[PDB]
Each structure stands twice: as C-alpha cells, then as structure tokens.
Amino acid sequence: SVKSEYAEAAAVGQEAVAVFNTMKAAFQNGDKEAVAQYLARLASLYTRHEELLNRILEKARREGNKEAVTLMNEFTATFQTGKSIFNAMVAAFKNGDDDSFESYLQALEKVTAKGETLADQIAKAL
C-alpha cells in the first residue's frame, strides 16, 4: 500500500539521520576520511528517499487523495531545500571551507527539524 511504502521511505530517511549525526561527530573530530565516506553514503540515501517520495506523491495523485497530495507537495518542496543545502555542504568539504561546512550543517539540521510535523502528517493522511 502507499502507507507501507511511506513507512519504508520514513526508514530510509531515518538512516540518513543516523549517518548524518555520525558524520557531524567525525567532522568535529577532524576525521576527513570518515566524513568523505559518510557524505557519499548520505548522497545515496537522499537519492533513494527522493525517489520513494516521488512514487508516493504520484500514487496519491493517481488515487485522487487530495489532502495527501497537498501535504506531499509541501514536503517534497522542503526536501529540495535540504538537498540544495546538502549539496552546498558537499562542495564546502571538497573546497576545504570548514566555515561554510559548519554553517550548512546547522542549516540542514534546522530544515530537517522543521519538516517533521509534516512528515508525521503524511503518515496519517495516506
């Protein structure tokens, strides 16, 4: 069902949460080799989350579930903000700009915390 597909997508998103926090610790510790690997792992997780979210949105549309479509459109827009911040963080790491990396890291944490009440709303709506 689309609901169980959303629970699967929620789990992939929580995997990114866990990997992100491990990455933040490694950054603070200066373990750049670890950070590089965690950033690659996070890119794969976000690409997978984004794809599962698009399939869920498309399915809600085909089902005529107007409220779920509305919430998923709002949620998928915010996801793209996070993706942009994340990609900027990756570039800051490539460039050796720890000041920009720190900034984007906190921004991605706040963008993610803000989008959580809506994430829970979609679970109820599908």
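C-alpha atoms forming the largest set that superposes within 1.5 Å between two forms make up the rigid core. Throughout, we count residues from 1 along the sequence that is shown.
J.: With the rigid core as the fit anchor, does 117-125 or 4-12 show bigger C-alpha shifts in 9 other deposited structures of this protein?
T.: Between 117-125 and 4-12, greater C-alpha deviation in 9 other deposited structures of this protein belongs to 117-125.
J.: Tell me which of 106-114 and 12-20 has the higher mean C-alpha B-factor in the deposited entry.
T.: It is 106-114 that shows the higher mean C-alpha B-factor.
J.: Going by the CA temperature factor in the PDB record, which third of the chain does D97 belong to: lowest, middle or highest?
T.: For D97, the deposited C-alpha B-factor lands in the middle third.
J.: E58: which third of its chain by C-alpha temperature factor?
T.: Within its chain, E58 is a middle-third residue by C-alpha B-factor, going by the deposited values.
J.: Lowest, middle or highest third: where is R48 by C-alpha B factor in its chain?
T.: CA B-factor rank for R48: lowest third.
J.: Using the B-factors in the PDB entry, rank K32's C-alpha atom against the chain and give the third, lowest, middle or highest.
T.: Highest third of the chain for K32's C-alpha B-factor.
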